[PDB]
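Protein chains in written order, with PDB author numbering: chain W, 42 to 80, 82 to 146, 148 to 249, 254 to 340; chain Z, 2 to 47, 60 to 86, 94 to 118; chain S, 2 to 97; chain U, 484 to 676; chain C, 3 to 146; chain H, 63 to 161; chain Y, 50 to 242. Data first, discussion second: the structure below is written as structure tokens.
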Amino acid sequence: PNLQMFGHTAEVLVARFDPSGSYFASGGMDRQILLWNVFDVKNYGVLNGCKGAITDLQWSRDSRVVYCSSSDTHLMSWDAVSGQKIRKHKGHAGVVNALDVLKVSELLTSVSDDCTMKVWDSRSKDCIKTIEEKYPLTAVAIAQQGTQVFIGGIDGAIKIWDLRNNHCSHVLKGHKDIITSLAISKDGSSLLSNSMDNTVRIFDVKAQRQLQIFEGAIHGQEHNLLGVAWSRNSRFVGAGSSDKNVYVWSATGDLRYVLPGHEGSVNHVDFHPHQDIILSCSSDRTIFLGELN
Amino acid sequence: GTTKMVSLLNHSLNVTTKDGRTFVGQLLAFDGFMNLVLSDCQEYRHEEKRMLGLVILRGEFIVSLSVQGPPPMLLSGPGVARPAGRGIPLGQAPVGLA
Amino acid sequence: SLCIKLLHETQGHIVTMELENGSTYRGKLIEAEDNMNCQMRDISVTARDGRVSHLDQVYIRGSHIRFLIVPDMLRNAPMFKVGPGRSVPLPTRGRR
Amino acid sequence: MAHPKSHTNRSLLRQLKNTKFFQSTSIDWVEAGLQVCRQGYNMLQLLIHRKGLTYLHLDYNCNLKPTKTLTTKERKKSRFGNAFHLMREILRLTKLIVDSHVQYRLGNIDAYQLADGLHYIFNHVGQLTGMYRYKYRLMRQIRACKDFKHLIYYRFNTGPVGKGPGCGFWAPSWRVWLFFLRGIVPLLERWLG
Amino acid sequence: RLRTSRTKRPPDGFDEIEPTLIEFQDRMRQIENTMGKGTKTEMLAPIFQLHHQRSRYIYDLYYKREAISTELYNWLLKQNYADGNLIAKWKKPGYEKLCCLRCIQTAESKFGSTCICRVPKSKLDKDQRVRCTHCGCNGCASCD
Amino acid sequence: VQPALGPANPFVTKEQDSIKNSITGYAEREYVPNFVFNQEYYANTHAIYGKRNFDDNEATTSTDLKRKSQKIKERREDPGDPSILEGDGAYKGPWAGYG
Amino acid sequence: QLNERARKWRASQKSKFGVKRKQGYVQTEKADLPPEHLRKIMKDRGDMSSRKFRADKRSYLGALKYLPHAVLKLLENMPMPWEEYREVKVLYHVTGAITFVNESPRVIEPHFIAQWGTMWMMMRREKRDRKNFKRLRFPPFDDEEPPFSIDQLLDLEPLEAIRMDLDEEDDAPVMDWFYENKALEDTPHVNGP
RNA sequence: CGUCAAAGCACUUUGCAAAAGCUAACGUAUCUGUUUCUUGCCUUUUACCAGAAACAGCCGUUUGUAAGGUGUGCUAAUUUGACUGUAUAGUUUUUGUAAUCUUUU
């Protein structure tokens, strides 16, 4: 099958599976996160409260608590079993754009239009660290180790920071413009990155040079943050584009699947943790589950 | 105050007394004098045991407190699915341009 | 306070207790107090020695009591919220 | 009495306020009485002329009459219907209630006379407005307003000071005619539509 | 909002303002009662324009020159001499010289929004400067 | 992709060759945020006016906006001010005319 | 070059999320107009004679459907004897095609009883001490005569109306509001407006 | 009154949902219509008389929730909840009758 489920009122942004592979969550401009099943593809809770639009979901690695990143500074927290509020992580003085989580579900990183990175504990309700750069930040990724945090800004310079040192250790180079989504592999050994130059580049974690520049997935005037993912094997790379197409790569530098279906710009493509399924979201208010037999 | 003391409520406790004896069981009720009520109690005089049941201790008699164990023990949103389809667009290029 | 009301509720039943004296007393309880006085009948004392005796009527001082031992059905009894300006727990319809 | 049904609130007068064709403002009552009384005059005139029925003229006191004197062939075209006439005679009433305020804001009348005035109107609507001949139920709203008069007069009038005019305790006699429009409005749209 | 003899008098400062406020009423009747000329949309333009002046007067007397007591300024609004809804916007930045509340309604416009007047002269063309249809705005933008 | 294959019809005039949903051309739904469309539309119009104007009118800038406002601003008549119905002071408002 | 990147970025984020902003535009409340705006339309349109408004005339009949509903809002607002005039609210068709009175009378009940009782005090007293009570003429204005110019009535001044002599010593805690429209709208003795 | 927690607050405009759960005024108010029957006054049908049952409309009311508007504060104010909320060195608990030694198994 394919399954193009409808439900949201307005532009949807982010849609992700549990780490387990038993649910979706989705939510964009609706101010409504809508949970789903995978295997009778039905809705669940209408997580209501966020007074800004959602920009990023992420399941806790317990598969119970959910975290948002509203446009009104809040980062909310939700008990996916019951569906009640837990907290309002009040901090930033602007619009949050990305979130990331660890193994230990306890630490979270967010990224504002205040040019401020901030690490959060799920127990304090306050910031543990505050890394002020200069130009409004956009994408962030934290490693599996719980050590390296990658920041993506407007300079095209993916900076790398550790939790012990807090020094500008390294800076990725050769990306001319804008970053819309970082993504660390299931190894902890390589990033993915969507630039506004349409060069969906991979980078190294440890020597730190490029690997493979992919090219063929356009951003334009919309200025949405488009996403990228690593497949459960780390064989395939799934980048969406404003051309209504989900450009899946071969990770060897070869375009295999280029499946259309959406009527509007695509945002955050994902992969299921085990069985080969693709979550693809788009302003359109629609979502697909593209499979491979 | 007594904010901490309410937190202990319904936990299995180990209570040492001035006599030396140590009572054990859950905590049902608590006081400003530290009168404790305890459920299914067992003294350990010392290789010894006794079964009492419900025990109400005074404040004079109690020395220390210590937890043995922890406390004992949105329907469907609008969304709907559909099947497949995957239409091809005649045009290429981005969404806003043309 | 609730630790006193539970006592008053076991009036009528048979109770065991321990005093600073060292001896334990067992009998039907007739009256209690907020002080922790007691009034019992048909008591069967047992000291440190093991010496049994009979006492027809007894009064006590709470100060002298170490701890009581109460019947089992007295764990399902209600434990109320009380209030700032009330002596006895009781249930409360009014404000709070 | 039924016990009321569960429902969401429709409210017509806040739908019209949500389109770009209606605007809102605050004015004096008697202005907006005249406003209506006029609006209705025209809304009938434009209907009378669109039918090309231009040998009859409505007076400004909602009084319809022929000038020419007609053939039987030219009368059958006139023959306006049970609705239009009911709609008309509901205007004839609105005119009296409003005029009789206009008139007290010249000085002509003075308050105590005006209250009485108002009261006479409701209590006599059978006689000022020849409406009952297009909607015969109406002779129930009439009969009631008469059966208030009796009840009041023989409680107020009598005292030591009873014969003629004065009264002006209209509130009950007024009610009757509101609750009537509650039930007519809905029907009289359907008929006019 | 008509006040008469045998009523509550207004606050002390009022009767200095009296002449000017009558000056407006007198002019306003003169527009109502006269006939227009152009389109029936244009015909009503000089009401809004005048109405804007009556409120600016009072917005001037309380916030800049300071020739009125808070007691009076409030009395003026709750007597409808000046539109508060409007004056509220004059306090907010961006609207510091706005024409008519009707030029800032997204929901009136065929699509989109905002009486062309509301656009800062900078951007739009020489050909489409023209004038608004509602009120006859002409660069209500706070600056241009 | 899978191409068609065959000899290709030789007659085929210009009018037949295009794939048309609705006679003139193919028409399909779009999902562009409106702000992008409004932003896009204005820029295109200026170019069209400019050719008719025959003037490029320089490039859009920062700070020079203030120069462009002032240049427009200076010609425009001074506001009458409140409280003057009459002229010689008078109260031209935003209504005021540049000249 | 980086300074300009962000300037473009921030604006695009501002159109998407933007403090007080709907999908793109800035939403607002439908603010009500000046009173003269409506009053002019009535004068300019007149009797729907001139060609300049030959468009409207289609709508004007369209209104007819909702006339019976305008009558009914108007009468459920009639000003009451003790009031000198009463201000109201309105919906008008920008066409000058109808005026809907958009308030409900709304009143606090023991008070309103009191008032109407106090009428029935004056109204009996006044009937006994008048002698020559001149009841209204009706069809207040003659058939032929065209309706009243609104602008004439705005000059007249209102004239005084019923009420009762409330001595300060005794009726102290009601005298300052026992004859308003929305009594104590400003105090904490009521919600708000 | 006191603590703690949450939240801007009061006032207001629209949208969207609901409103016998254990016999009870969503509205201490109250009007029109349709169908099916029964009787009135009647022969032109409508328009009506005044009872029933079954459906409907209309004029209103309450609540929750979403987005807004005005005034005020976001270096504060207000609301809302929650609570095992009082102060005792002199006899019944928190300013000690404790301290110490020795023998038996």
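Here a beta-carbon is modelled for each residue, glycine too, at the ideal position from N, C-alpha and C.
Classification of residue i by the beta-carbon crowding that lies within 10 angstroms, buried from 16 upward
{"i": "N292/W", "result": "buried"}
{"i": "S99/Y", "result": "exposed"}
{"i": "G161/H", "result": "exposed"}
{"i": "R70/Y", "result": "exposed"}
{"i": "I227/W", "result": "buried"}
{"i": "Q624/U", "result": "buried"}
{"i": "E68/C", "result": "exposed"}
{"i": "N151/Y", "result": "buried"}
{"i": "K132/W", "result": "exposed"}
{"i": "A135/W", "result": "exposed"}
Per-residue DSSP class, three states only, for residue i
{"i": "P549/U", "result": "strand"}
{"i": "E78/Y", "result": "coil"}
{"i": "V100/Z", "result": "strand"}
{"i": "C119/C", "result": "helix"}
{"i": "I75/Z", "result": "strand"}
{"i": "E194/Y", "result": "coil"}
{"i": "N43/W", "result": "coil"}
{"i": "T491/U", "result": "coil"}
{"i": "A182/W", "result": "strand"}
{"i": "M64/Z", "result": "strand"}
{"i": "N15/Z", "result": "strand"}
{"i": "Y160/H", "result": "coil"}
{"i": "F113/C", "result": "coil"}
{"i": "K94/C", "result": "coil"}
Beta-carbon proximity list for residue i, same chain, < 7 Å, skipping 5 on both sides
{"i": "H53/C", "result": "none"}
{"i": "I70/C", "result": "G15, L63 and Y64"}
{"i": "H160/Y", "result": "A232"}
{"i": "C158/W", "result": "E175, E176, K177, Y178, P179 and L180"}
{"i": "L611/U", "result": "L579 and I604"}
Residues that residue i bridges to, as DSSP identifies them
{"i": "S84/H", "result": "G87/H"}
{"i": "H213/W", "result": "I203/W"}
{"i": "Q268/W", "result": "Note: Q268/W sits in no beta bridge, so no partner."}
{"i": "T47/S", "result": "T25/S and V53/S"}
{"i": "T9/C", "result": "Note: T9/C sits in no beta bridge, so no partner."}
{"i": "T173/W", "result": "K161/W"}
Pick from the options that is closest to residue i, judged by C-alpha positions
{"i": "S312/W", "options": "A121/H, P95/H, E148/H and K133/H", "result": "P95/H"}
{"i": "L675/U", "options": "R571/U, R558/U and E557/U", "result": "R571/U"}
{"i": "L147/H", "options": "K93/C, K91/C, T43/C and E25/C", "result": "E25/C"}
{"i": "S288/W", "options": "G48/W, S238/W, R166/W and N139/W", "result": "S238/W"}
{"i": "residue 111/S", "options": "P109/Z, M64/Z, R22/Z and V7/Z", "result": "With chain S covering only 2 through 97, there is no way to say anything about residue 111/S."}
{"i": "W169/Y", "options": "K629/U, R533/U and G651/U", "result": "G651/U"}
{"i": "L496/U", "options": "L140/Y, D191/Y, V223/Y and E218/Y", "result": "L140/Y"}
{"i": "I245/W", "options": "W204/W, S297/W and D198/W", "result": "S297/W"}
{"i": "residue 147/W", "options": "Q45/W, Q259/W and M46/W", "result": "Chain W lacks the residues between 146 and 148, and residue 147/W is one of those with no coordinates."}
Cβ shell of residue i (< 6 Å), same chain only, five flanking positions each side left out
{"i": "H319/W", "result": "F58 and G62"}
{"i": "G26/Z", "result": "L39, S40, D41 and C42"}
{"i": "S281/W", "result": "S228 and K229"}
{"i": "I81/H", "result": "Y88"}
Sequence-distant residues of the same chain with beta carbon closer than 8 Å to residue i, five excluded per side
{"i": "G84/S", "result": "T93 and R97"}
{"i": "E132/Y", "result": "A210, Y228 and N230"}
Check: residue i C-beta below 6 Å from any heavy atom of the ligand COA
{"i": "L671/U", "result": "This structure lacks the ligand COA; in fact it carries no ligand of any kind."}
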